[PDB]
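Participant: build the 3D model from these lines:
(chains A, B, C, D and E, ligands or ions: 6)
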Amino acid sequence: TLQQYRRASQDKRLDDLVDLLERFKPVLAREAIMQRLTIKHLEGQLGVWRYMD
Amino acid sequence: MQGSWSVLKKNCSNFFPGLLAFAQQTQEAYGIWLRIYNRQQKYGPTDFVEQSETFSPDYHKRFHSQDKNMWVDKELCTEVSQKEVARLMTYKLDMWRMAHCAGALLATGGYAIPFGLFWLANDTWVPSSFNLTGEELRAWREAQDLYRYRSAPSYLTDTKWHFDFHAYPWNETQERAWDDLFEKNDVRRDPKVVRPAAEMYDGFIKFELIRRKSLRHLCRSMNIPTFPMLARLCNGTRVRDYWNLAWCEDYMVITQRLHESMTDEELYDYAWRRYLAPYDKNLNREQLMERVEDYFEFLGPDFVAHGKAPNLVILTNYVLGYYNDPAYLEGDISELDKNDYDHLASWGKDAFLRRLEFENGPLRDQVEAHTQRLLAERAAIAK
Amino acid sequence: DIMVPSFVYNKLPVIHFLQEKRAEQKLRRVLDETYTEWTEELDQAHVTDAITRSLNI
Amino acid sequence: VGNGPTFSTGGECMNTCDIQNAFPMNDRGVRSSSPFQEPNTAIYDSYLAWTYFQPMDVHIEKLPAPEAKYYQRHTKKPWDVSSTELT
Amino acid sequence: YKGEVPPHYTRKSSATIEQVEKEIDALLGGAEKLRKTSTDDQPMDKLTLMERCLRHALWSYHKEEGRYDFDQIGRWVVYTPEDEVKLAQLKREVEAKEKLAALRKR
Ligand SMILES: CCCCCCCCCCCCCCCCCC(=O)OC[C@H](COP(=O)([O-])OCC(O)COP(=O)([O-])OC[C@@H](COC(=O)CCCCCCCCCCCCCCCCC)OC(=O)CCCCCCCCCCCCCCCCC)OC(=O)CCCCCCCCCCCCCCCCC
Ligand SMILES: CCCCCCCCCCCCCCCCCC(=O)OC[C@H](COP(=O)([O-])OCC(O)COP(=O)([O-])OC[C@@H](COC(=O)CCCCCCCCCCCCCCCCC)OC(=O)CCCCCCCCCCCCCCCCC)OC(=O)CCCCCCCCCCCCCCCCC
Ligand SMILES: CCCCCCCCCCCCCCCCCC(=O)OC[C@H](COP(=O)([O-])OCC(O)COP(=O)([O-])OC[C@@H](COC(=O)CCCCCCCCCCCCCCCCC)OC(=O)CCCCCCCCCCCCCCCCC)OC(=O)CCCCCCCCCCCCCCCCC
Ligand SMILES: CCCCCCCCCCCCCCCCCC(=O)OC[C@H](COP(=O)([O-])OCC(O)COP(=O)([O-])OC[C@@H](COC(=O)CCCCCCCCCCCCCCCCC)OC(=O)CCCCCCCCCCCCCCCCC)OC(=O)CCCCCCCCCCCCCCCCC
Ligand SMILES: CCCCCCCCCCCCCCCCCC(=O)OC[C@H](COP(=O)([O-])OCC(O)COP(=O)([O-])OC[C@@H](COC(=O)CCCCCCCCCCCCCCCCC)OC(=O)CCCCCCCCCCCCCCCCC)OC(=O)CCCCCCCCCCCCCCCCC
Ligand SMILES: CCCCCCCCCCCCO[C@@H]1O[C@H](CO)[C@@H](O[C@H]2O[C@H](CO)[C@@H](O)[C@H](O)[C@H]2O)[C@H](O)[C@H]1O
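Facilitator: Numbers count the residues shown, from 1 in each chain, chains lettered A, B, ... in the order given. Ligands and ions are numbered 1, 2, ... in the order given. Please see the structure below:
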């Protein structure tokens, strides 16, 4: 009976968690991209066109 | 969209049927507009009918006022239906473009024929009547959506940059509204959070003070021809009329909840005329309903209560934000492992570059210490 | 070829900084809206008391 | 290390420019010549002061490559020309 | 005391709690080298914030479901002294029930 009562909260919370994970993944992708850009910048092999792209 | 031979053939084949359909639509829309204009002149407020003058505080240039020169006919449903209003709006767009083309023809005589060939090779400025099949209509809508994508970001950037460079929000809620207003379409904007931007911009700029360049960008984004632009009070009048019709239809739908009963294609068209739902997104009914409800919420309760919509500039920005797609990014991340200045490797380093590498390289601390000690010794010897 | 490119290049740093700050603000707002909802459940003592009453004790 | 150039500066000192906050500051107190983080940024004093960054071999913990879904945006348009193609 | 069963909700996406936890662990495992610890009063990093949010949601869901693992709940859900009080209250209750069942069986 308790499980049935605490169910809609559970489903909505699970969907929200999945959405949050999908929202966070792009941030990590951007962070990795910036890391690589910084790496190439420190080597003096980065063009502004690449950075803008 | 760029011109093509296939579209040229399509439009050439359907030229005369398109003209005939345009004439029939012209008769029907003239009837509808006659009804609407009679109703406005009879039941319209004194200021709206008399065309009250609103002048700018700097150069005293007259322009339409949202509060006075725009009026919502809450009782228009008795005389005119929603479908008639949408038909009138579509015909207004088509008639504007046809009028510009006809004016060019009259001005240049028979020398506009090659320009007409250019015109028929693209669906951007042809009327909707020239499409006699579903696929042709889809291509035409795709061209219109492409033009909207091309034009809207410039308008949004103009507005945002001018405001941010010349002013700042007063309070935190205004800041949040302003920042969230100009988000890309990939994220969903909460109209309640965004609404205060309307009042803030009313404090900054109203529809009566809209600049001519911003107006040109907006008219581009609304598929309204801009050449010859002329004074800002002509296309401004066009914009005012179009949005007044849209607001009348929106009030009708909200009061009668027509959108719930509206079919899928009609709902998609209704959203499209509001610049909310691009056809290339292949939206479903759920997304269309969500966007329409967000639009109604942004209009706010006061729209139903008194027929007063929020600032038209901010409304246009909000609706056109759906065409502000995320900036494109193509190419695998592995491409970042390459190098861009390999062609310079043969040149090597000159004396100055070697000195800079030595001074600012990993040995920089040692060099700095040695240099400072030597300078101190020389200074002491001098004294 | 010369002017607009140079001014775009001049613009890049400030825009990058502001967009980074905006992303940080989004993350901060996401975090700040998280609250744990401690739930309260009917104490079993009352259940035991009702059980005793049903027994006619 | 290579002889390649870096992010352009325009002969300006970022510790005194009108947008100095946009340039990160390192431990030594020298603002970077670019939005990126620079550990060995320096300042030179000719008639006017100017900032410089010397490229060097430095290792940075590289986050694993993400999926193409989470960073690729296929919103390209016929009028769009990339900066590389433009160059 | 509660009332009516809440209105039914349809999931927008299909996914299991175990799958979500595995995905979270995979996401946080690649950034372990980049992730850097710091003082509690010092500002947090993006990785730390993501980890805290994800773990908070996960453990709230677990506690609601019934998986009462106090060791992790006290870590990823405690941010208020009220929450410490709640943990202490819940900790006593579980031990009391376990003892009561054992003696009632004995
Ligand atoms: C190949 C073709 C060649 C063509 C050449 C001819 C010129 C070009 C033709 C037209 C081109 C198309 C575009 C034109 C501009 C459009 C502007 C626009 O968007 O208007 C929108 C606007 C509509 O908006 P709206 O909201 O309805 O109303 C405007 C608001 O009121 C706005 O509200 P507001 O707040 O802005 O209110 C202010 C508004 C108020 O004004 C208006 O808007 C009202 C309309 C204009 C009224 C103008 C008349 C004013 C009274 C004149 C009195 C003269 C008395 C003289 C007596 C002499 C006795 C001896 O503006 C003014 O106050 C301006 C007043 C005018 C000042 C004139 C100063 C001139 C100085 C001269 C210096 C010296 C010259 C040299 C020396 C000469 C002497 C030796 O349109 C108008 O109002 C009227 C538009 C008229 C367009 C021009 C028509 C051209 C007809 C040409 C016929 C002849 C052809 C000859 C061909 C020859 C062979 C090739
Ligand atoms: C043969 C001589 C030629 C002379 C040289 C001409 C050179 C070319 C210049 C352009 C001429 C006009 C071209 C045709 C335009 C089509 C008709 C029209 O106005 O369409 C409505 C439409 C009105 O626009 P709107 O913004 O909606 O109007 C706002 C009003 O509040 C609207 O008020 P509302 O909100 O109450 O709504 C009313 C609406 C309600 O109605 C509806 O909604 C139903 C639809 C009605 C309009 C249907 C238009 C259909 C257009 C397409 C036609 C088919 C084309 C087929 C092409 C292919 C053929 C094979 O009905 C109207 O649209 C009525 C507008 C007022 C009438 C304007 C016509 C006046 C001239 C004609 C009379 C001339 C009498 C001469 C007497 C001589 C005595 C000696 O026209 C336009 O799109 C505007 C024209 C755009 C091009 C502008 C180019 C620059 C013009 C500068 C002129 C300066 C003065 C002349 C000298 C030039 C020197 C450089
Ligand atoms: C049968 C048909 C049905 C009946 C007729 C119906 C009516 C039809 C007419 C109305 C149609 C209206 C709609 C038209 C739409 C299309 C317009 C258009 O052109 O689109 C661009 C159109 C392509 O459009 P699209 O690809 O679809 O892209 C459209 C996008 O949406 C792009 O859109 P967007 O917005 O980005 O593009 C806009 C763009 C449109 O412009 C362009 O795109 C530029 C087009 C030309 C580019 C040329 C590049 C190549 C140059 C080659 C040079 C020579 C090379 C060597 C040749 C050697 C030969 C041996 O910019 C503008 O709009 C600028 C407007 C400028 C207005 C100028 C006003 C001046 C006023 C003067 C001042 C007056 C002040 C007042 C004074 C008052 C005094 C009292 O361009 C072309 O197709 C290029 C054609 C190039 C032809 C070859 C080069 C020229 C050949 C000349 C031959 C001369 C022979 C005689 C020589 C005699 C010597 C003595
Ligand atoms: C590296 C070197 C390369 C080569 C370089 C070449 C050398 C160039 C050097 C100089 C360049 C700069 C010159 C600047 C001059 C000053 C401009 C100025 O003051 O403008 C103020 C102002 C600026 O215009 P705006 O309206 O504010 O916005 C302009 C934006 O571009 C609007 O942009 P938007 O984005 O807002 O709108 C885009 C779109 C928006 O879409 C639409 O608007 C829909 C479509 C509209 C179609 C057109 C409707 C026209 C309605 C009637 C207009 C009034 C007519 C007046 C009576 C006729 C007068 C002739 O509109 C269009 O797509 C427009 C398409 C126009 C295509 C034609 C462009 C010219 C190409 C060359 C053809 C002619 C060659 C002649 C010489 C060779 C002969 C063998 O001009 C006007 O108010 C426009 C008045 C137009 C009057 C008609 C033209 C008068 C000039 C003489 C025409 C002679 C025709 C000869 C035929 C053939 C005879 C054999
Ligand atoms: C290849 C080359 C070939 C050769 C080329 C030869 C070139 C000659 C060079 C000299 C030309 C000088 C004039 C340049 C005009 C363009 C200026 C411009 O674009 O300024 C942008 C300017 C900048 O705006 P913005 O910065 O974006 O915004 C500022 C404000 O917010 C804007 O807010 P707003 O729009 O509310 O405020 C403005 C509006 C506010 O006012 C209103 O809205 C009320 C409108 C009142 C209109 C009053 C009209 C009165 C007419 C009386 C006629 C009576 C009948 C007479 C009959 C018998 C005699 C014929 O007032 C006006 O702008 C209208 C002023 C009066 C216009 C008069 C008609 C045009 C005369 C052109 C000739 C001038 C003399 C040339 C010779 C000397 C040169 C030093 O915007 C405007 O001015 C917009 C309106 C533009 C209208 C004029 C252009 C119309 C198209 C021309 C059609 C004819 C083409 C002929 C081609 C010939 C080829 C050979
Ligand atoms: C070359 C020119 C081209 C012009 C193209 C456009 C033409 C448009 C014509 C529209 C005609 C409308 O017809 C007109 O409508 C108005 C408004 O209802 C009526 O107006 C009537 O009612 C209004 C409102 O109570 C009263 O203020 C007015 O005193 C009275 O006459 C006119 O009696 C009628 O003649």
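Participant: and the one residue in the stretch 51-200 of chain B that gets nearest to chain C, what helix or strand is that in?
Facilitator: Distances between the stretch 51-200 of chain B and chain C by C-beta to the nearest C-beta are smallest at residue B:179, namely 6.7 Å. C-beta: built from backbone N, CA, C; applies to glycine. Using DSSP states H and E, residue B:179 sits in helix B:172-181.
Participant: ok, and for that helix, which residues are buried?
Facilitator: For helix B:172-181, a neighbour-count test (16 or more other C-beta atoms under 10 Å in any protein chain shown) marks B:174-181 as buried.
Participant: quick one: residues contacting the residue of chain E found nearest ligand 1.
Facilitator: With C-beta to the nearest ligand atom as the measure, residue E:12 is the residue of chain E nearest to ligand 1, at 51.1 Å. Contacts here follow C-beta atoms under 8 Å, 6 or more residues apart in numbering or on different chains; on that basis residue E:12 touches residue A:15.
Participant: can you tell me the SS state at it?
Facilitator: At residue E:12 the chain is in coil, as set by DSSP: H, G, I helix; E, B strand; the rest coil.
Participant: any idea how far residue B:286 is from it?
Facilitator: According to C-beta to C-beta, to the nearest Å, residue E:12 stands 10 Å off from residue B:286.
Participant: and if you look at residue B:381?
Facilitator: Taking C-beta to C-beta as the measure, residue B:381 and residue B:286 are separated by 85 Å.
Participant: how about residue A:11?
Facilitator: Residue A:11 sits 18 Å away from residue B:286, taking C-beta to C-beta as the criterion.
Participant: again, but for residue B:240
Facilitator: Going from residue B:240 to residue B:286 by C-beta to C-beta gives 33 Å.
Participant: pull the contacting residues for the residue in chain A that ligand 4 sits nearest to.
Facilitator: Taking C-beta to the nearest ligand atom, ligand 4 has its nearest neighbour within chain A at residue A:49, 24.5 Å off. Taking C-beta under 8 Å, 6+ apart, we find residue A:49 in contact with D:82-84, D:86-87.
Participant: so can I have a markdown table of those showing secondary structure?
Facilitator: Formatted as a markdown table, these follow (three-state DSSP):
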| residue | secondary structure |
| --- | --- |
| D:82 | coil |
| D:83 | helix |
| D:84 | helix |
| D:86 | helix |
| D:87 | coil |
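Participant: out of the residues you listed, who's nearest ligand 4?
Facilitator: In terms of C-beta to the nearest ligand atom, no member of the contacts of residue A:49 lies closer to ligand 4 than residue D:86, at 18.1 Å.
Participant: for residue E:33, the count of nearby residues, please.
Facilitator: By the measure other C-beta atoms under 10 Å in any protein chain shown, the count of residues near residue E:33 is 11.
Participant: so it makes contact with residue D:61?
Facilitator: Yes - contact between residue E:33 and residue D:61 holds when scored by C-beta atoms under 8 Å: they sit 4.9 Å apart.
Participant: and the residue in chain C that chain B sits nearest to, what does it touch?
Facilitator: The minimum distance from chain C to chain B, using C-beta to the nearest C-beta, falls at residue C:22 (6.7 Å). Applying C-beta under 8 Å, 6+ apart to residue C:22 gives the contacts residue B:179.
Participant: mind listing what's buried in the helix or strand that it is a member of?
Facilitator: Using DSSP H and E, the element containing residue C:22 is helix C:3-32. Residues of helix C:3-32 classed as buried: C:12-13, C:16-17, C:26-27 (neighbour count, 16+ other C-beta under 10 Å).
Participant: roughly how far apart are residue B:283 and residue B:264?
Facilitator: Separation of residue B:283 from residue B:264 (C-beta to C-beta): 10 Å.
Participant: now name the helix or strand holding the residue positioned nearest the centre of chain E.
Facilitator: Nearest to the geometric centre of chain E sits residue E:59, at 1.6 Å (C-alpha atoms, centre = their mean). When elements are assigned from DSSP H and E, residue E:59 belongs to helix E:46-65.
Participant: contacts for that helix?
Facilitator: By C-beta under 8 Å, 6+ apart, the list of residues contacting helix E:46-65 reads A:3, A:6, A:9-10, A:13-14, A:16-17, A:20-21, A:24, A:27-28, A:31, C:27, C:30-31, C:34, C:36-37, C:39, E:17, E:20-21, E:24, E:27-28, E:31, E:34-35, E:38, E:44, E:69, E:72-73, E:75-77.
Participant: also stretch D:59-72?
Facilitator: Contacting residues not belonging to stretch D:59-72 are listed as A:25-26, A:28-33, A:35-36, A:38-39, A:42, B:329-334, E:30-31, E:33-34 [C-beta under 8 Å, 6+ apart].
Participant: just checking, which of those belong to helices?
Facilitator: Counted as lying in helices by DSSP state H, out of those, are A:25-26, A:28-33, A:35-36, A:38-39, A:42.
Participant: contacts only, for residue E:35.
Facilitator: Listed by C-beta under 8 Å, 6+ apart, the contact set of residue E:35 reads E:28, E:45, E:47-48, E:51.
Participant: apply 10 Å and report the result again.
Facilitator: D:61, E:28-29, E:45-48, E:50-51 (C-beta atoms under 10 Å, 6 or more residues apart in numbering or on different chains).
Participant: closest residue of chain A to ligand 2?
Facilitator: The minimum distance from chain A to ligand 2, using C-beta to the nearest ligand atom, falls at residue A:52 (39.9 Å).
Participant: give me the neighbour count for that residue.
Facilitator: Burial of residue A:52 is recorded as 14 neighbouring residues (other C-beta under 10 Å).
Participant: wait, it sits on residue D:84?
Facilitator: Yes - taking contacts as C-beta atoms under 10 Å, residue A:52 lies within contact range of residue D:84: 9.0 Å.
Participant: for the spatially most distant residue from the centre of chain D, give me its contacts.
Facilitator: Computed with C-alpha atoms, centre = their mean, the residue of chain D farthest from its C-alpha average is residue D:78, at 29.9 Å. Residue D:78 makes contact with B:1-2, B:146, B:150, according to C-beta under 10 Å, 6+ apart.
Participant: I'm done for today, thanks for sticking with me.
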